[PDB]
>>> print(open('data-v2.cif').read())   # mmCIF, C-alpha atoms; chains and numbers go by the auth columns
data_structure
#
loop_
_atom_site.group_PDB
_atom_site.id
_atom_site.type_symbol
_atom_site.label_atom_id
_atom_site.label_comp_id
_atom_site.label_asym_id
_atom_site.label_seq_id
_atom_site.Cartn_x
_atom_site.Cartn_y
_atom_site.Cartn_z
_atom_site.B_iso_or_equiv
_atom_site.auth_seq_id
_atom_site.auth_asym_id
ATOM 1 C CA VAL A 1 -24.872 -66.948 17.140 0.00 110 Q
ATOM 2 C CA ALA A 2 -25.687 -70.471 15.896 0.00 111 Q
ATOM 3 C CA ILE A 3 -29.397 -69.609 15.430 0.00 112 Q
ATOM 4 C CA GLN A 4 -28.481 -66.336 13.647 0.00 113 Q
ATOM 5 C CA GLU A 5 -26.227 -68.266 11.236 0.00 114 Q
ATOM 6 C CA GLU A 6 -29.258 -70.316 10.078 0.00 115 Q
ATOM 7 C CA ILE A 7 -31.586 -67.254 10.077 0.00 116 Q
ATOM 8 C CA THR A 8 -29.061 -65.416 7.836 0.00 117 Q
ATOM 9 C CA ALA A 9 -28.880 -68.458 5.527 0.00 118 Q
ATOM 10 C CA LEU A 10 -32.711 -68.699 5.390 0.00 119 Q
ATOM 11 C CA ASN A 11 -32.869 -64.920 4.791 0.00 120 Q
ATOM 12 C CA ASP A 12 -30.718 -65.614 1.705 0.00 121 Q
ATOM 13 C CA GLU A 13 -33.120 -68.373 0.597 0.00 122 Q
ATOM 14 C CA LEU A 14 -36.083 -65.957 0.725 0.00 123 Q
ATOM 15 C CA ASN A 15 -34.191 -63.512 -1.551 0.00 124 Q
ATOM 16 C CA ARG A 16 -33.018 -66.361 -3.846 0.00 125 Q
ATOM 17 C CA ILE A 17 -36.625 -67.624 -4.292 0.00 126 Q
ATOM 18 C CA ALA A 18 -37.622 -64.035 -5.192 0.00 127 Q
ATOM 19 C CA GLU A 19 -34.714 -63.463 -7.637 0.00 128 Q
ATOM 20 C CA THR A 20 -35.128 -66.896 -9.310 0.00 129 Q
ATOM 21 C CA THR A 21 -38.903 -67.535 -9.612 0.00 130 Q
ATOM 22 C CA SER A 22 -39.287 -67.165 -13.416 0.00 131 Q
ATOM 23 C CA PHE A 23 -42.177 -68.114 -15.756 0.00 132 Q
ATOM 24 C CA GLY A 24 -39.882 -68.984 -18.692 0.00 133 Q
ATOM 25 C CA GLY A 25 -37.365 -66.200 -17.989 0.00 134 Q
ATOM 26 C CA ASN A 26 -39.895 -63.513 -17.007 0.00 135 Q
ATOM 27 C CA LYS A 27 -38.868 -63.205 -13.322 0.00 136 Q
ATOM 28 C CA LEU A 28 -42.099 -63.035 -11.266 0.00 137 Q
ATOM 29 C CA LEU A 29 -41.145 -61.921 -7.710 0.00 138 Q
ATOM 30 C CA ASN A 30 -38.329 -59.335 -8.126 0.00 139 Q
ATOM 31 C CA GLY A 31 -40.690 -56.315 -8.236 0.00 140 Q
ATOM 32 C CA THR A 32 -40.185 -56.453 -12.029 0.00 141 Q
ATOM 33 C CA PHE A 33 -43.622 -57.986 -12.766 0.00 142 Q
ATOM 34 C CA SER A 34 -45.305 -54.552 -12.584 0.00 143 Q
ATOM 35 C CA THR A 35 -49.126 -54.673 -12.987 0.00 144 Q
ATOM 36 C CA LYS A 36 -49.740 -56.393 -16.377 0.00 145 Q
ATOM 37 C CA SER A 37 -53.086 -56.941 -18.191 0.00 146 Q
ATOM 38 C CA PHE A 38 -54.126 -60.379 -19.549 0.00 147 Q
ATOM 39 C CA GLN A 39 -56.540 -60.142 -22.529 0.00 148 Q
ATOM 40 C CA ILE A 40 -59.620 -62.338 -21.811 0.00 149 Q
ATOM 41 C CA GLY A 41 -62.005 -61.376 -24.662 0.00 150 Q
ATOM 42 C CA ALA A 42 -62.518 -61.612 -28.447 0.00 151 Q
ATOM 43 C CA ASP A 43 -63.003 -57.825 -28.736 0.00 152 Q
ATOM 44 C CA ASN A 44 -60.236 -55.397 -27.668 0.00 153 Q
ATOM 45 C CA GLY A 45 -59.997 -53.799 -24.196 0.00 154 Q
ATOM 46 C CA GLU A 46 -61.320 -56.805 -22.243 0.00 155 Q
ATOM 47 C CA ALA A 47 -58.326 -57.413 -19.936 0.00 156 Q
ATOM 48 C CA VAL A 48 -57.885 -57.731 -16.128 0.00 157 Q
ATOM 49 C CA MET A 49 -54.729 -56.311 -14.453 0.00 158 Q
ATOM 50 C CA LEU A 50 -52.527 -58.785 -12.496 0.00 159 Q
ATOM 51 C CA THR A 51 -49.817 -57.356 -10.176 0.00 160 Q
ATOM 52 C CA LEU A 52 -47.016 -59.542 -8.727 0.00 161 Q
ATOM 53 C CA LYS A 53 -45.659 -57.641 -5.675 0.00 162 Q
ATOM 54 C CA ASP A 54 -41.912 -57.929 -4.866 0.00 163 Q
ATOM 55 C CA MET B 1 -57.715 -54.068 -51.296 0.00 164 S
ATOM 56 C CA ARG B 2 -54.076 -53.231 -50.406 0.00 165 S
ATOM 57 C CA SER B 3 -53.118 -53.027 -46.687 0.00 166 S
ATOM 58 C CA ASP B 4 -52.331 -49.274 -46.985 0.00 167 S
ATOM 59 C CA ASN B 5 -55.875 -48.357 -48.171 0.00 168 S
ATOM 60 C CA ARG B 6 -57.290 -45.601 -45.887 0.00 169 S
ATOM 61 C CA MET B 7 -60.662 -47.408 -45.472 0.00 170 S
ATOM 62 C CA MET B 8 -58.604 -50.425 -44.270 0.00 171 S
ATOM 63 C CA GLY B 9 -57.778 -48.430 -41.097 0.00 172 S
ATOM 64 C CA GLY B 10 -58.687 -45.377 -38.972 0.00 173 S
ATOM 65 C CA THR B 11 -57.331 -42.851 -36.419 0.00 174 S
ATOM 66 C CA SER B 12 -55.591 -43.810 -33.123 0.00 175 S
ATOM 67 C CA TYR B 13 -56.126 -41.240 -30.315 0.00 176 S
ATOM 68 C CA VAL B 14 -53.871 -41.995 -27.298 0.00 177 S
ATOM 69 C CA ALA B 15 -53.951 -40.487 -23.771 0.00 178 S
ATOM 70 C CA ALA B 16 -50.868 -38.932 -22.104 0.00 179 S
ATOM 71 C CA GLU B 17 -51.631 -39.865 -18.461 0.00 180 S
ATOM 72 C CA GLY B 18 -50.266 -43.326 -17.548 0.00 181 S
ATOM 73 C CA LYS B 19 -52.923 -44.245 -14.945 0.00 182 S
ATOM 74 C CA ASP B 20 -51.481 -47.035 -12.726 0.00 183 S
ATOM 75 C CA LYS B 21 -53.146 -50.116 -11.143 0.00 184 S
ATOM 76 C CA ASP B 22 -54.249 -47.892 -8.216 0.00 185 S
ATOM 77 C CA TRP B 23 -55.821 -45.072 -10.275 0.00 186 S
ATOM 78 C CA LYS B 24 -59.630 -45.400 -10.018 0.00 187 S
ATOM 79 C CA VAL B 25 -62.424 -43.374 -11.690 0.00 188 S
ATOM 80 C CA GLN B 26 -62.842 -40.410 -9.289 0.00 189 S
ATOM 81 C CA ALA B 27 -66.521 -39.613 -8.535 0.00 190 S
ATOM 82 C CA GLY B 28 -66.144 -36.017 -9.812 0.00 191 S
ATOM 83 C CA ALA B 29 -64.591 -36.978 -13.178 0.00 192 S
ATOM 84 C CA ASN B 30 -67.014 -39.685 -14.438 0.00 193 S
ATOM 85 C CA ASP B 31 -67.817 -38.436 -17.985 0.00 194 S
ATOM 86 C CA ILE B 32 -65.984 -38.627 -21.363 0.00 195 S
ATOM 87 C CA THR B 33 -68.224 -37.058 -24.054 0.00 196 S
ATOM 88 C CA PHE B 34 -67.138 -38.274 -27.531 0.00 197 S
ATOM 89 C CA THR B 35 -68.026 -35.591 -30.122 0.00 198 S
ATOM 90 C CA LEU B 36 -67.644 -37.082 -33.648 0.00 199 S
ATOM 91 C CA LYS B 37 -69.277 -37.171 -37.127 0.00 200 S
ATOM 92 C CA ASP B 38 -70.505 -40.541 -38.506 0.00 201 S
ATOM 93 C CA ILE B 39 -68.955 -41.813 -41.786 0.00 202 S
ATOM 94 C CA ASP B 40 -72.413 -40.959 -43.238 0.00 203 S
ATOM 95 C CA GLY B 41 -71.980 -37.356 -41.988 0.00 204 S
ATOM 96 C CA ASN B 42 -74.648 -37.386 -39.235 0.00 205 S
ATOM 97 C CA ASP B 43 -73.286 -35.851 -35.986 0.00 206 S
ATOM 98 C CA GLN B 44 -73.189 -37.957 -32.786 0.00 207 S
ATOM 99 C CA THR B 45 -72.306 -36.948 -29.193 0.00 208 S
ATOM 100 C CA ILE B 46 -71.531 -40.090 -27.120 0.00 209 S
ATOM 101 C CA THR B 47 -71.471 -39.218 -23.381 0.00 210 S
ATOM 102 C CA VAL B 48 -69.990 -42.227 -21.503 0.00 211 S
ATOM 103 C CA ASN B 49 -70.731 -41.439 -17.824 0.00 212 S
ATOM 104 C CA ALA B 50 -68.054 -43.801 -16.413 0.00 213 S
ATOM 105 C CA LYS B 51 -68.571 -45.475 -12.993 0.00 214 S
ATOM 106 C CA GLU B 52 -66.555 -44.235 -9.959 0.00 215 S
ATOM 107 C CA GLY B 53 -64.087 -46.839 -8.626 0.00 216 S
#
>>> encode(input="data-v2.cif", output="structure tokens")
Amino acid sequence: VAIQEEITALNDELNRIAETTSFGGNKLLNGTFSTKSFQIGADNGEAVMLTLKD
Amino acid sequence: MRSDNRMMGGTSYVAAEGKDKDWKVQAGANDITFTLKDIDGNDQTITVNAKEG
């Protein structure tokens, strides 16, 4: 029971890290950062897709 | 030289299929022929044989 108490508390921490990690308000690890492209070229259509899994 | 001048822009063709991060060029469908007429009037057929994967 003692061990479980801590495991439950740590379980919460995992979820808190996921629901809080934010790059300026854009949460990163709540499954909301669906695949996004980052433009890396002077001409259009030169972007790589970055996906942040939940 | 206004911003609404037709020459200042062009035509925007958009697809309807929202391919996701997992969609990959299938080997069978690896061609997108672009049939169009140059501003001069000469006719061009651009076949872009895309690469599977």
>>> interface_residues(input="data-v2.cif", of="chain Q", to="chain S", cutoff="10 Å", atoms="all atoms listed in the file", output="PyMOL selection string")
chain Q and resi 143-146+158-160
>>> write_last_selection(input="data-v2.cif", atoms="C-alpha atoms", output="mmCIF file, keeping the file's coordinate frame")
data_model
loop_
_atom_site.group_PDB
_atom_site.id
_atom_site.type_symbol
_atom_site.label_atom_id
_atom_site.label_comp_id
_atom_site.auth_asym_id
_atom_site.auth_seq_id
_atom_site.Cartn_x
_atom_site.Cartn_y
_atom_site.Cartn_z
ATOM 1 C CA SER Q 143 -45.305 -54.552 -12.584
ATOM 2 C CA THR Q 144 -49.126 -54.673 -12.987
ATOM 3 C CA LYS Q 145 -49.740 -56.393 -16.377
ATOM 4 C CA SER Q 146 -53.086 -56.941 -18.191
ATOM 5 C CA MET Q 158 -54.729 -56.311 -14.453
ATOM 6 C CA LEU Q 159 -52.527 -58.785 -12.496
ATOM 7 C CA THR Q 160 -49.817 -57.356 -10.176
#
>>> resolve_selection(input="data-v2.cif", expression="the PyMOL selection byres ((chain S and resi 198) around 12)", output="PyMOL selection string")
chain S and resi 195-197+199-201+205-211
>>> atom_distance(input="data-v2.cif", atom1="atom CA of residue 213 of chain S", atom2="atom CA of residue 190 of chain S")
9.1 Å
>>> atom_distance(input="data-v2.cif", atom1="atom CA of residue 123 of chain Q", atom2="atom CA of residue 142 of chain Q")
17.4 Å
>>> atom_distance(input="data-v2.cif", atom1="atom CA of residue 161 of chain Q", atom2="atom CA of residue 125 of chain Q")
16.3 Å
>>> resolve_selection(input="data-v2.cif", expression="the PyMOL selection byres ((chain S and resi 214) around 8)", output="number ranges by chain")
S: 188, 190, 193, 212-213, 215-216
>>> axis_aligned_box(input="data-v2.cif", around="segment 174-190 of chain S", padding_each_side="5 Å", output="lines of an AutoDock Vina configuration file")
center_x = -58.4
center_y = -44.5
center_z = -22.3
size_x = 26.3
size_y = 21.2
size_z = 38.2
>>> residues_near_point(input="data-v2.cif", point="(-39.4, -68.3, -6.5)", cutoff="8 Å", atoms="only C-alpha atoms", output="list in words")
residues 125, 126, 127, 128, 129, 130, 131, 137 and 138 of chain Q
